[PDB]
Amino acid sequence: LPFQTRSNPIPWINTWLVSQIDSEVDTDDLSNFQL
Amino acid sequence: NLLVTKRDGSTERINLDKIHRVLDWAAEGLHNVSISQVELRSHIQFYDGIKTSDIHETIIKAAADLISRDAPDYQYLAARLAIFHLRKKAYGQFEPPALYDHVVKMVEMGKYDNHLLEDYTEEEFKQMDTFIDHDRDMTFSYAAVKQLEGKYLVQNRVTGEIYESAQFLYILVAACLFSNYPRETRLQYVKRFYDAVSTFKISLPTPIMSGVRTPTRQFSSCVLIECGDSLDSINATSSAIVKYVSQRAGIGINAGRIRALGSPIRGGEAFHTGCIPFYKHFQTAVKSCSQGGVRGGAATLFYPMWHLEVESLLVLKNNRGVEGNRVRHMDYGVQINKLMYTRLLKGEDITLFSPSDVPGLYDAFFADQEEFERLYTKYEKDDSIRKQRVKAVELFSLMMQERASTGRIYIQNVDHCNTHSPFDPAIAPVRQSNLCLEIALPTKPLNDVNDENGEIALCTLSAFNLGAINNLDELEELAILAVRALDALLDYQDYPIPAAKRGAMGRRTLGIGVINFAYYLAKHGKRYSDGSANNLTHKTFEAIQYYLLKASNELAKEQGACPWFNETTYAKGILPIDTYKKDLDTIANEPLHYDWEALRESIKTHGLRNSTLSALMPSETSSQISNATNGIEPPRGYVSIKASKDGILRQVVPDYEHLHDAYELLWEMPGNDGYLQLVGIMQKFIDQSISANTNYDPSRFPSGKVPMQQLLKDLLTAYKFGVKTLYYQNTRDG
Ligand SMILES: Nc1ncnc2c1ncn2[C@H]1C[C@H](O)[C@@H](COP(=O)(O)OP(=O)(O)OP(=O)(O)O)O1
Ligand SMILES: Nc1ncnc2c1ncn2[C@H]1C[C@H](O)[C@@H](COP(=O)(O)OP(=O)(O)O)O1
Ligand SMILES: Nc1ccn([C@@H]2O[C@H](COP(=O)(O)OP(=O)(O)O)[C@@H](O)[C@H]2O)c(=O)n1
Ligand SMILES: [Mg+2]
Ligand SMILES: [Mg+2]
């Protein structure tokens with residue numbers, strides 16, 4: 001490679017060069033909860 | 001052949017090399033950017049006489065829209081163009097003038113407060129100009145500059161004329177805050193505070209950023225007003241809202257005392273029309289004025305869950321129903337205590353009362369949890385008291401249903417706000433919160449606009465940039481600068497409502513939080529959801545609170561504790577590490593690393609200059625200046641889309657190239673338990689509250705609908721770990 005690495009300075013050129021809520025509650029499950 | 005219009009009005013031939021050069025300058029040193037791409041994506045259409053300023057604004061938008069994951073350095077290309085544009089608007093050239101020459105011209109125009117020229121000599125202004133490094137404008141991101149030009153830089157809200165640049169804003173915030181310091185140390189504090197905010201060690205709120213140096217002195221972000229059950233109090237509350245909204249403040253209203261619809265007035269001379277007609281009056285008060293010309297006024301209204309009208313108040317934000325029973329443009333916080341949650345867990349009922357029919361129940365609801373249960377159960381037995389029974393499951397379902405739809409129905413755990421607070425509930429209970437549910441301060445209702453007996457709570461804010469510190473011991477110096485700056489601010493500013501000055505001078509309440517917490521976790525290789533940051537959060541927020549209290553304690557030795565320090569639990573020798581909810585020991589075992597016992601004795605002896613110090617605000621706007629992730633929230637994406645005056649803003653996460661794998665994005669989290677655990681750990685040390693969010697992705701649940709079971713379980717999990725408040729509920733749009 002003779003030149004420094006660089007990103008494509010004209011990236012636009014590549015275009016041309018190819019081709020609600022679940023209401024269920026379980027109180028028993030909630031009471032097994034410790035505040 | 002064709003002509004352009006220069007900034008001075010003159011015209012000359014079009015020369016595209018001028019556009020090439022300005023773009024070449026802005027892209028110097030940046031990676032993966034293209035001058036060519038910016039010019040072509042500008043779609044700039046030249047007409048004879050085209051304004052050169054319209055040309056420049058067009059290419060700023062073009063470069064701003066190229067901000068992406070593949071080319072993040074456009075955040076700096078667009079900013080440099082925008083900084084350059086703002087220089088010309090304010091100065092007519094790129095190089096800023098001398099600091100003294102600028103202040104002189106601005107005081108004559110009435111854009112600065114004339115006290116700057118009285119408290120500082122020309123030799124001192126020229127000495128502060130050597131502190132300024134104008135190259136620090138080249139460290140902003142594009143989102144940062146758009147917030148500066150849209151909200152913070154002193155400007156004409158009718159003309160659109162910008163008058164200053166970013167470094168003059170910073171240096172004059174430092175000058176004004178320490179303007180009343182002794183000349184032995186004044187310029188030293190001015191330089192260090194300038195360095196702290198211009199290198200993004202400390203974040204300043206919107207009213208401080210946009211206000212401190214202007215003739216109108218109101219810089220407290222949060223105003224908490226309590227409303228009593230009388231027309232004299234409702235008028236006083238309404239007048240205080242109008243005054244503080246017009247001067248940069250966001251409001252928190254406590255209207256839970258107002259009796260229910262149908263209650264007797266004067267023994268039956270009149271029929272009480274209900275809360276909703278008074279809530280509508282509060283809403284037009286908030287919306288009557290702009291927030292200091294910067295943005296619109298907002299407010300959150302608070303009422304207890306057991307209020308008789310709670311089923312009518314919970315549905316005020318949904319868009320179905322008539323205008324008579326809807327108050328949509330205000331947010332609401334439902335106040336809950338342990339007894340309410342217990343009725344839910346046991347599947348029992350909740351009795352609704354009008355606060356006028358239950359003597360002492362309202363005051364006990366906050367101050368005394370045992371006295372509340374005594375009065376509450378007693379009044380349920382009494383059949384002569386007007387009441388209404390609702391199944392606790394149905395009431396909690398109605399609240400969370402409206403919380404999920406609007407996202408603006410908030411929760412405040414009033415028992416947590418009083419068992420783990422810097423205030424004694426017998427003397428100065430906490431009965432409400434603020435707009436964003438991070439402020440918890442005592443209030444007393446007013447009977448007149450100028451009532452000396454009422455108390456309105458003000459809170460001044462700031463934030464530590466967790467992404468700018470390399471050692472937790474750097475917080476010691478930053479806490480000194482932040483606390484000293486905010487405490488000097490309380491004496492510096494004016495107070496439009498006498499009841500508001502009473503609380504501020506009495507308690508001197510501060511609210512200092514954090515920003516860049518998500519970026520902080522990425523640098524340590526931790527995540528929100530898995531609990532890997534629990535011990536790190538404990539060690540981090542211990543240092544924050546310790547160095548904050550130590551800074552306010554040293555200031556109390558120097559200038560005396562706040563007048564009402566005797567009303568704090570700090571005065572009784574009680575620290576937050578004593579009153580935190582003990583279930584936090586089951587999710588973090590990190591031991592305390594700082595000498596809290598030496599501070600406890602020092603606080604007993606010398607007190608605190610401020611009654612409160614720490615509060616984690618969301619910092620939706622202010623955190624964008626340092627390109628930080630806002631508050632404690634995880635970013636929505638590597639490139640986030642945020643709102644602004646001009647339109648959309650793209651914000652890249654800090655250090656995207658090296659840490660894109662380390663971040664845990666908002667919707668990459670399995671649930672809320674991990675985040676809520678971190679919030680609980682933070683709350684162990686935070687004086688006030690935290691703007692804690694809950695987030696839900698419908699696609700993460702069977703049949704694509706979020707279960708009420710999970711909504712309630714996360715709500716109970718928040719209470720289990722001592723979370724005082726719940727802010728936004730974000731529901732994903734996919
Ligand atoms: N004409 C009215 N229509 C609807 N509500 C009213 C009216 N007057 C007062 N209220 C409400 C506002 C307060 O929440 C509550 C008490 O009002 P207030 O100003 O204290 O009246 P008051 O002192 O003359 O009567 P009371 O003896 O009932 O307190 O009643
Ligand atoms: N003669 C010309 N023809 C076309 N564009 C020009 C121009 N002179 C300047 N510009 C562009 C370059 C900048 O991006 C933008 C504003 O530049 P500026 O230096 O602030 O304006 P001015 O040169 O009028 O003071 O206008
Ligand atoms: N749109 C807004 C945002 C914030 N605020 C106030 O600012 C406080 C903290 O919000 P924040 O820290 O997200 O706002 P900024 O300081 O980032 O502008 C809130 O408690 C409000 O009182 C407001 O009044 N209106
Ligand atoms: Mg020029
Ligand atoms: Mg009355």
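The numbers here are math on the coordinates, done by the rules we state, and not lab data. Please note: Cβ atoms are built from the backbone with ideal geometry, for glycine as well, and neighbour counts cover all protein chains shown.
Relative contact order, percent, of region B:559-625 when contacts are C-alpha pairs under 8 Å separated by at least 6 residues?
56 percent
Give me Rg/Rg_expected for the protein assembly as shown, where Rg uses Cα atoms only and Rg_expected = 2.2 N^0.38 Å with N residues. Could you put the intermediate results ahead of the total?
Numbers: Rg = 27.3 Å, N = 769, 2.2 N^0.38 = 27.5 Å.
Dividing the Cα radius of gyration by 2.2 N^0.38 Å gives 1.00.
Subtract the Cα-Cα distance of B:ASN471 and B:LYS88 from 0.36 nm times their separation in residues, and report this length gain in nm to one decimal. Write out the running numbers ahead of the final one.
Numbers: separation 383, 0.36 × 383 = 137.88 nm, distance 3.95 nm.
The span from B:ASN471 to B:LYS88 would gain 133.9 nm if fully extended.
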Distance histogram for region B:656-734 (every C-alpha pair counted, 5 angstrom bins, percent rounded to whole numbers): 3, 14, 23, 21, 17, 13, 7, 2, 0
Residues in region B:601-617 that a label on B:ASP595 would reach, taking backbone N under 12 Å of a point 7 Å out along Cα→Cβ: B:601-602
Ellipsoid semi-axes in whole angstrom, largest first, where each is sqrt(5λ) of the Cα gyration tensor of region B:125-205: 24, 15, 11
Too-long pairs where the Cα-Cα distance tops 24 Å, listed order kept, from B:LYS287/B:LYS645; B:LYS146/B:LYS280; B:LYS111/B:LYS146; B:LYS111/B:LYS444: B:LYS146/B:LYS280; B:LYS111/B:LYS444
Loop sites in region B:539-596: trypsin sites (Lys or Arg not before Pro), DSSP, at most 13 other Cβ within 10 Å: B:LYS572
18 Å cut-off, amide nitrogen to a point 7 angstrom out along A:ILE10 Cα→Cβ, residues in region B:35-61: B:35-44
Chymotrypsin sites (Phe, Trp or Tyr not before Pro) within region B:191-275, DSSP loop, no more than 13 other Cβ atoms inside 10 Å: none
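Once you have the Kirkwood Rh of region B:147-277 from its Cα pairs, apply Stokes-Einstein at 10 °C and 1.306 mPa s and quote D in µm²/s. Display every interim value, and only then the final one.
Details: Rh = 18.2 Å.
In µm²/s, the coefficient is 87.
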Most to least packed among B:335-344, B:522-531, B:583-592 [average Cβ atoms within 10 Å]: B:335-344, B:522-531, B:583-592
Restraint check, B:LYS243/B:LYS684; B:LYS317/B:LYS684; B:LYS18/B:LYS191; B:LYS539/B:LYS724; B:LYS243/B:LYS604, Cα-Cα greater than 31 Å: B:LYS243/B:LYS684; B:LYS317/B:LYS684; B:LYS18/B:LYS191; B:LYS243/B:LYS604
Sites B:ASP655 and B:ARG732, calculated FRET efficiency, Cβ-Cβ separation with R0 30 Å, nearest 0.05: 0.70
Sites matching chymotrypsin sites (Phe, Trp or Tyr not before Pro) across region B:20-62 that sit in DSSP coil, with at most 11 neighbouring C-beta atoms within 10 Å: B:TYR47
Cα centroid of region B:626-640 to Cα centroid of region B:180-219, whole Å: 25 Å
Distribution of pairwise C-alpha distances over region B:43-108, 10 Å bins, in %: 18, 36, 28, 16, 2
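Output the antiparallel fraction of DSSP beta bridges having both residues in the protein assembly as shown, as a percent to the nearest 5. Mind dumping the intermediate values first?
Numbers: 26 of 61 bridges.
Around 45 percent antiparallel, to the nearest 5.
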Contour minus Cα-Cα distance for B:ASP70 and B:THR342 (0.36 nm per residue): 92.7 nm
Within region B:380-418: backbone nitrogen closer than 15 Å to the A:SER23 label point (7 Å, Cα to C-beta): B:391, B:393-402
Separation between Cα centres of region B:593-625 and chain A, rounded to whole Å: 38 Å
For region B:495-639: rounded, prolate or oblate by the Cα gyration tensor [a/c cutoff 1.5]: oblate
Value in Å of the Kirkwood radius, where chain B supplies the Cα pairs that are averaged: 27.1 Å
